[PDB]
Amino acid sequence: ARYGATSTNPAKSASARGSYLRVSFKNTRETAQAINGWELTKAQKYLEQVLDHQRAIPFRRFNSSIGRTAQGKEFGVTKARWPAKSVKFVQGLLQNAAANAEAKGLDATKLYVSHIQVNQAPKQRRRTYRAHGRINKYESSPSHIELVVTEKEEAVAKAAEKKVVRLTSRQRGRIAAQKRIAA
Amino acid sequence: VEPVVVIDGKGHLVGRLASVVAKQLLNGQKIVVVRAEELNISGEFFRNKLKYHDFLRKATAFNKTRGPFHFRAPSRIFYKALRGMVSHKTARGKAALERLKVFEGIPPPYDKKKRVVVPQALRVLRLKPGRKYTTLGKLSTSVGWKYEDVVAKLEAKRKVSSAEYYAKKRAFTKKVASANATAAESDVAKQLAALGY
Amino acid sequence: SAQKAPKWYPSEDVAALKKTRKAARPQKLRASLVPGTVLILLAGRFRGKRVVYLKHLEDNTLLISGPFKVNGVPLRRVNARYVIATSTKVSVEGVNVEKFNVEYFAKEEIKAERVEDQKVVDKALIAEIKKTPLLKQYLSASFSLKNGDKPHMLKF
Amino acid sequence: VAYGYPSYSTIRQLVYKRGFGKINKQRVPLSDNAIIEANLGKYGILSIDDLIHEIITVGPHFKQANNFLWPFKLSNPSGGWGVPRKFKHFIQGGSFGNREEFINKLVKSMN
Amino acid sequence: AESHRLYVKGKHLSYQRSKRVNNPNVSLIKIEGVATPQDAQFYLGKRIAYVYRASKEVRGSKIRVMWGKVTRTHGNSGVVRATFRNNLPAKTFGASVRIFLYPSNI
Amino acid sequence: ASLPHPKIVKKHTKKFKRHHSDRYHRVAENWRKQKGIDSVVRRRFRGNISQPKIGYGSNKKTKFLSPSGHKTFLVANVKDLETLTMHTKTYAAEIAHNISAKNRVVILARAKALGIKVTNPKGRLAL
RNA sequence: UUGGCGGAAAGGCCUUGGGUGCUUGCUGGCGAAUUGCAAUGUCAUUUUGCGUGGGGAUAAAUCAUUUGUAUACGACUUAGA
RNA sequence: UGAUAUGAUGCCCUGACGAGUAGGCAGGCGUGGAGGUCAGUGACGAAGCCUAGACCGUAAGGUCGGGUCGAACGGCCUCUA
RNA sequence: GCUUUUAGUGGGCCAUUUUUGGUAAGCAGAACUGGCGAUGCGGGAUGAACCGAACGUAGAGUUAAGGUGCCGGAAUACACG
Ligand SMILES: [Mg+2]
Ligand SMILES: [Mg+2]
Ligand SMILES: [Mg+2]
Ligand SMILES: [Mg+2]
Ligand SMILES: [Mg+2]
Ligand SMILES: [Mg+2]
Ligand SMILES: [Mg+2]
Ligand SMILES: [Mg+2]
Ligand SMILES: [Mg+2]
Ligand SMILES: [Mg+2]
Ligand SMILES: [Mg+2]
Ligand SMILES: [Mg+2]
Ligand SMILES: [Mg+2]
Ligand SMILES: [Mg+2]
Ligand SMILES: [Mg+2]
Ligand SMILES: [Mg+2]
Ligand SMILES: [Mg+2]
Ligand SMILES: [Mg+2]
Ligand SMILES: [Mg+2]
Ligand SMILES: [Mg+2]
Ligand SMILES: [Mg+2]
Ligand SMILES: [Mg+2]
Ligand SMILES: [Mg+2]
Ligand SMILES: [Mg+2]
Ligand SMILES: [Mg+2]
Ligand SMILES: [Mg+2]
Ligand SMILES: [Mg+2]
Ligand SMILES: [Mg+2]
Ligand SMILES: [Mg+2]
Ligand SMILES: [Mg+2]
Ligand SMILES: [Mg+2]
Ligand SMILES: [Mg+2]
Ligand SMILES: [Mg+2]
Ligand SMILES: [Mg+2]
Ligand SMILES: [Mg+2]
Ligand SMILES: [Mg+2]
Ligand SMILES: [Mg+2]
Ligand SMILES: [Mg+2]
Ligand SMILES: [Mg+2]
Ligand SMILES: [Mg+2]
Ligand SMILES: [Mg+2]
Ligand SMILES: [Mg+2]
Ligand SMILES: [Mg+2]
Ligand SMILES: [Mg+2]
Ligand SMILES: [Mg+2]
Ligand SMILES: [Mg+2]
């Protein structure tokens, strides 16, 4: 418990986590974001296609010197990629949230992914040998992932304030005469 | 005074017309300038041709695009004189410049709209007689402006229509004059006369 | 203690005002304002209305009337610095006006006395206005500045 | 500096308006004749006009009279200086030196 | 009639300023039809409004007003100096402004 | 209810923040004065931030007064609070930050009895 | 509603005929207040959204696949009920 | 200095003056520990931390609210590094 | 008027006038004063040293040197060439 900020209604939601996972943080950030807000079913089908190289993942923040592909057009993007490992780890967590929704007895057809957040797990050091007897760090960049699915619901109703109006003697005068004068 | 002021550039001196247009803009006055090709510059044609070629050699050495742009059209030669009188890199300046339109010839709706003059930029009032001066259209054409014939053509056509318009009006004001004078010597007339009308 | 005590406290005795010398002398009005003179109202509810000047009250205001039957303005208080005094005048000499003072207008719909007072003053004024042609029409028209009007030039 | 010959008029208005005395230093405004009589009394001079008289006639006690008055503090001229540049001599179209009786027009605009 | 107007038109020109420094406490106003300092002496002390619009209704109107007065004349051409209760926003250089006829001395 | 005072004039209300406190995180906003040789701030070049100086000092009459007109006085308990018994037009009690909730109900109560003003009555109120 | 004109960015101008509202050309009847001595005292035109019902209309582009007159990747150029 | 009211380094009247590196001096702000005191604050929440919320000071800084927290801590006169 | 004690400094540079060396130098070296260095503010577009003017926080007025076709506050002012 204690995820990142959510505006949702917990009664109609289910959630999932994984921590300390060895997956590129940068990569799964871009892939998590590609699913964000999506209808859960459409998202699962989407991810499957990414794996098939039928569609791709828009790389929006960490993209610099990535390649270009026609598969970014869909998203209005030249730079996109097909990060297999990120996808598989996410759909694992997607699959978990689905189960929990079932167990809670939530309608599985109303489900969209309302919250999906990745950030940085502690790193993992390994080392490499560099010319002239030198050593450098070689490091894993693991992620924490969390997502939340919610039952979709209809509109807002209204429920607003009355906006109390305060007008002067000369201001309330014109009003009283306005109806005196005309309709 | 008016929402829009249309200036007929014919016979006006560039820098002095520019100087008064710039100020009006910054004071919130919309201006459209017409017949820019009929504009004047002091000094004989050759001096001002030479001055243009002076301006023509300036360019960014590594890329001629980033460098200064040379617009050949009369309206644009004008806009340059004007834009230099505005602080055009400020919001306030860009605001004032959007209140402006310059045109070669007199294109639609302005052709049927009245246009005015600026006595302090007027060549015939300003230049001492005998001094040599330059027409913007001829200058532009020598530096590459392509449209002088097309404009002169369309103008000659526009000028024929406007002549009929004028003739019909001059005739109508002849009736109105005759009617006005048949009312003269009546009571209401003599009474107005007393009050200065 | 969270904070120490001061060693000294201010006295809570209020002093008395010094004995001020500023007398209220009367306000002499600008010579263009004399009773019977038509005023142009520059502001307020009745702004732009042309109205007749009647009496200078004790609170410095001007007692005016439309007449109500002409332009719809009743017997009323108006502030002398919000008015343009014209040069056109009616003789006011058949108009009582004695009755009307500051207390008359104290706030405390329309009292019948007010409604009768209005009829009695206006009939006198109307009697006088009919004398010069077009004046009543003038009095029923709103003043406004047209294009090219320059107040610092215009004679009123 | 600029200087010249002051008229009775401008001496009079110099003292009535910007005239102050030096009393245990402390630059005291004049404003009542007792202030003068108190400090200049031993020389004669019990009024503000007694002072003025001592100045303009350059009396026997002029030194004590004059030193009694704090240096006058004048504003800039309200007309302006009349010249395009001040630091030429008066004769050369400038403001400095002895402009003689023209000093009154200047000082009155500075007072 | 068609014309209801009780004020003279004007333009917010500048703040009081040097070449390189301005003074938001003073605004320079161009009054229509006033071409000389003498003409402009008529308007000194007249009250000025700058009227504008806003999205939030406040006291019941979507129209707001900044009030000021004409203070001195400015230069030879009939421009006028004026101060306002709060200084004018400076996006209004070139905006229209209303000079009234009160307080009246006529 | 406060002793009458001249209109309170603050004279510079903006906070004096350290030069470059906005440039680098390592530099706190707390005022500190530039000692640099070339520094534009120390040299008062037109366009830069202004530094504290004694000219800004508040009028002796209204100095220390709050908007209401009372000087504020820190209060731990009733005994402290009661030192204001004879000056209610001058000082107001501000209840100390570490006073317990139940104790605050007692100080407020006695405050009311004595007519002594309290600046943070809503503190720790169970509502 | 009639007839005609305008392509420089015409997108507006002129004309015919009946209907209709107003007319301060002139002369009448009624109304106005208490918005309280001023407080812009609110009358303009921008874009958009949500339902209604009066006409009107019933596509394409992209991914993938494919050609090589094209190409580092994108892009280009072909092809596909 | 005159008690019977509260600061004598105080209170009241008055005049003049105000640039600043290196540098001198002065009056103040803040910290760890020490003597004294307020029979100071606190598990009914000490300290700490967060907070384009509030208030006092020209400033160093001080005070409060709210959140988080869990065992100690502060005002004043003095001492000390 | 008089006494004691102690910091920093002991690379300086510029302008008018006097002036030495050098063809000369934004070069090198003296004289008197005023400056920059240590100093912001208005003017000279720009600039250590020029012109004006030396700085507590502010309100109103007036000016300096310099400006007032437009950039830009301020006469597309008057007058003789
Ligand atoms: Mg975690
Ligand atoms: Mg980053
Ligand atoms: Mg990055
Ligand atoms: Mg690449
Ligand atoms: Mg790159
Ligand atoms: Mg590469
Ligand atoms: Mg891209
Ligand atoms: Mg290697
Ligand atoms: Mg090795
Ligand atoms: Mg109405
Ligand atoms: Mg060449
Ligand atoms: Mg008296
Ligand atoms: Mg009088
Ligand atoms: Mg009527
Ligand atoms: Mg003057
Ligand atoms: Mg004069
Ligand atoms: Mg000069
Ligand atoms: Mg004076
Ligand atoms: Mg400057
Ligand atoms: Mg430092
Ligand atoms: Mg510097
Ligand atoms: Mg330096
Ligand atoms: Mg057009
Ligand atoms: Mg529809
Ligand atoms: Mg100092
Ligand atoms: Mg102190
Ligand atoms: Mg200390
Ligand atoms: Mg300590
Ligand atoms: Mg604060
Ligand atoms: Mg507070
Ligand atoms: Mg709390
Ligand atoms: Mg706590
Ligand atoms: Mg514990
Ligand atoms: Mg100590
Ligand atoms: Mg020594
Ligand atoms: Mg030594
Ligand atoms: Mg020594
Ligand atoms: Mg030594
Ligand atoms: Mg010098
Ligand atoms: Mg040398
Ligand atoms: Mg040095
Ligand atoms: Mg120095
Ligand atoms: Mg200096
Ligand atoms: Mg000199
Ligand atoms: Mg420019
Ligand atoms: Mg100007």
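This report concerns the structure included in the present document.

Conventions used here
- Residues numbered from 1 in each chain as written, not as in the entry; some residues may be left out.
- Chains lettered and ligands numbered in written order.
- Part of a larger assembly, values for the part shown.
- Heavy atoms only, no water.
- Residues with missing side-chain atoms left out of burial classes, pairs and counts.
- Helix = DSSP H or I, 4+ residues; strand = E, 2+ residues; numbered from the N terminus.
- Rg over C-alpha atoms; globule rule 2.2 N^0.38 Å.
- Buried < 20%, exposed > 50% of the residue type's maximum accessible area, 1.4 Å probe, protein only.
- Areas by Shrake-Rupley, 256 points an atom, 1.4 Å probe, with all protein chains shown as cover.
- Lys, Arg positive; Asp, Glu negative; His and termini not counted.
- Charge placed at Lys NZ, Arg CZ, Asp CG, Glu CD.
- Expected span 1.5 Å × (residues − 1).
- Pairing = 2+ DSSP bridges.
- Right-handed = clockwise from strand over helix to strand, strands pointing away.
- Near = heavy atom within 4 Å.
- Polar contact = N/O pair within 3.5 Å; in protein donor to acceptor, adjacent residues only side chain to side chain.
- Axes fitted to C-alpha atoms, helices over the stretch in contact; angles between N-to-C directions.
- Nonpolar A, V, L, I, M, F, W, Y, C, P; charged D, E, K, R; others polar.
- Contact = heavy atoms within 4.5 Å.
- Buried area = accessible area lost by both parts, 1.4 Å probe.
- Salt bridge = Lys/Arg side-chain N within 4 Å of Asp/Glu carboxyl O.
- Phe/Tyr/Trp six-rings, centres within 6.5 Å; stacked < 30°, edge-to-face > 60°.
- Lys NZ or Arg CZ within 6 Å of the ring centre and 35° of its normal.

Next up on the list: the overall build of chain C. Helix and strand content of chain C: three helices and five strands. In sequence order, chain C lays out its α and β elements as β-β-β-α-β-β-α-α. Against the 2.2 N^0.38 benchmark of 15 Å for 156 residues, chain C shows a C-alpha radius of gyration of 24 Å, more extended than a compact globule. Projected onto its principal axes, the C-alpha coordinates of chain C cover approximately 90 × 45 × 35 Å. Across the 156 residues in chain C, those meeting the buried criterion constitute 37%. Roughly 10,800 Å² of accessible area belongs to chain C as shown, and the carbon and sulfur atoms make up 54% of that amount. Placing the 31 positive and 15 negative side-chain charges of chain C at their respective mean positions leaves the two points 10 Å apart.

To continue, consider helix α7 (residues 148-183) of chain B. Residues and elements named next belong to chain B. For α7, built from 36 residues, the straight-helix expectation of 52 Å at 1.5 Å per residue is met to within 8% by its first-to-last C-alpha distance of 51 Å. Looking only at α7, the buried set comprises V151, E155 and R158. A positive backbone phi angle near 80 degrees is found at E185, which sits one or two residues after α7.

Residue and element names in this part refer to chain B. Counting buried residues along strand β1 (residues 4-8), four of its five residues qualify, which places the element largely inside the surrounding structure. With five bridges joining them, β1 and strand β2 (residues 30-34) adopt parallel strand pairing. Of the residues in β2, the one forming a bridge with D8 is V34. For the segment spanning β1, helix α1 (residues 14-26) and β2, crossover handedness is right-handed.

Let us now look at the protein's contact with RNA strand H. Neighbouring RNA strand H are 48 residues; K7 of chain C together with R32, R44, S58 and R104 of chain F lie closest to it. Take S66 of chain F: an N or O atom from its side chain is 3.5 Å from a sugar or linking oxygen of RNA strand H. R124 of chain F places a polar main-chain atom, nitrogen or oxygen, 2.8 Å from a phosphate oxygen of RNA strand H. Listed by contribution, the elements that provide at least two residues to the surface near RNA strand H are β2 (91-95) and α2 (101-114) of chain F. It is α2 of chain F that contributes the most residues to the surface near RNA strand H, four residues altogether.

Next up on the list: the sheet that holds strand β1 (residues 13-21) of chain A. Residue and element names in this part refer to chain A. Reading across from one edge, β1-β7-β4 is the order of the three strands in this open sheet, with antiparallel pairing throughout. Each having just a single partner strand, β1 and β4 (111-120) make up the two edges of the open sheet. Going from strand to strand, the sheet's axes swing by 10 degrees on average, the running direction of each strand aside. Examined bridge by bridge, β1 and strand β7 (residues 143-151) share seven bridges and lie antiparallel to one another. Across the sheet, the residue bridging to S13 is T150, located in β7.

In this section: the protein's contact with RNA strand I. Taken together, 39 residues lie near RNA strand I, and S19 and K23 of chain B, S78 of chain D together with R43 and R44 of chain F sit nearest. Taking the atoms of RNA strand I that fall within 4 Å of the protein, sugar and phosphate contribute 76% of them. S75 of chain D has a polar side-chain atom sitting 3.2 Å from a base nitrogen of RNA strand I. Within the side chain of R72 of chain E, an N or O atom sits 2.8 Å from a phosphate oxygen of RNA strand I. Looking at the surface near RNA strand I element by element, the count peaks at five residues for α1 of chain B. Residue classes in the surface near RNA strand I are distributed as 11 nonpolar, 13 polar and 15 charged.

So, about the interface of chain C and chain F. Across the boundary between the two partners, chain C contributes 11 residues, which contact 16 residues of chain F. Across the interface of chain C and chain F, roughly 1,000 Å² is buried in total on both sides, 63% from carbon and sulfur atoms. The largest per-residue losses of area from chain C upon contact with chain F belong to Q3, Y9 and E12 of chain C, which jointly make up 53% of the total buried on that side. Scanning the region where chain C abuts chain F turns up zero salt bridges.

Attention shifts here to the interface of chain E and chain C. Contacts between the two partners involve 18 residues from chain E, matched on the other side by 21 residues from chain C. In total, chain E and chain C occlude about 1,700 Å² of area from one another, counting both sides; carbon and sulfur atoms represent 62% of this. Considering only the surface of chain E that becomes buried against chain C, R5, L6 and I106 of chain E emerge as the three largest contributors, covering 36% of it. At the surface where chain E touches chain C, the tally comes to zero salt bridges. Summed over the shared surface of chain E and chain C, the result is nine residue pairs in polar contact. In the side of chain E that touches chain C, the residues fall into 10 nonpolar, five polar and three charged.

A few words on the packing of aromatic side chains. Overall, the coordinates contain 20 aromatic pairs over all chains when judged by the stated rule. Ring centres of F100 of chain E and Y102 of chain E lie 5.2 Å apart, and the angle between their planes is 20 degrees; this geometry places the pair in the stacked category. With respect to class, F100 of chain E is no different from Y102 of chain E; both count as buried. Taken together, the aromatic side chains of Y82 of chain C together with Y7, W67, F100 and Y102 of chain E make up a single cluster linked through ring pairs. Of note, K80 of chain B hangs over the ring of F55 of chain B, and the distance from its end group to the ring centre comes to 4.2 Å. Here the basic side chain of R26 of chain F rests over the ring of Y24 of chain F, its NZ or CZ set 4.3 Å away from the ring centre.

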